[PDB]
Every structure is written in C-alpha cells, then in structure tokens.
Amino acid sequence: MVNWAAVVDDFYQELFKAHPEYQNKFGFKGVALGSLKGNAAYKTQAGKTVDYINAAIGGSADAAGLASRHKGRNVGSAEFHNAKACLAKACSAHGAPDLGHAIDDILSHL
C-alpha cells in the first residue's frame, strides 16, 4: 500500500522549511524539524492528515468542512497553494500519485 505516512512526513518537512511561520499555528510550535517525529502533537496531526488523504482517495473527504476549519485558523487559499506545491514534491519523492485534485477540491471552498 502507498506509504502515505512517509509522504505526509516529507510534506510537512517541505511545508515548514519553506514557511516556518506556519508551524506556529500548531501544538508543535517551536520544535526542530528533525524532532517532529518525536513530538506527540505532531504525531496526532500527521495522522489526521494521512486520514484526510485516504478519505480523499476513498471518496469520503469533506473538502468543504476541511476548508472551513482552516479558515477558522486564518489559513486560506494562499497557504493551500503553497501546500499544494509542497505535497506535489512529497508525492513525487515517494513515487506516489499526485494529490493536486484533492487540494483543488479544498481550494474550491477557500
């Protein structure tokens, strides 16, 4: 099965390398990138991200709900376009299918 957990870890490395300030919105604010895997707040968030990806592939993702929740953290279209780029890099690094359509689905509600 596609190792989405590893893809998601690479995604967040890419995301926070390019936009370190995004990390401030999370419960693992301040934590060195090389330590995220040892952080409990990160483990939970990465698991939810993997779940969302499996839901988008499986046909049950609530893109409108996810978008609304990100607006509720003042995260919008700009951040998601950055995320789309980072996730495309992470997918390609693992020979995984691209998730651009799923991110487009979220973007359509932002």
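So that there is no doubt, residue numbering starts at 1 and follows the sequence shown.
Of the two stretches examined, 1 to 9 and 101 to 109, the record assigns the greater average C-alpha temperature factor to 101 to 109. When the two stretches 70 to 78 and 42 to 50 are set side by side, the higher mean Cα temperature factor goes to 70 to 78. Highest C-alpha temperature factor among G65, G58, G30, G34 per the entry: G30. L15 sits in the lowest third of its chain by CA B factor, as recorded in the PDB entry.
Per the deposited record, the Cα B-factor of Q23 falls in the lowest third when ranked against the other modelled residues of its chain.
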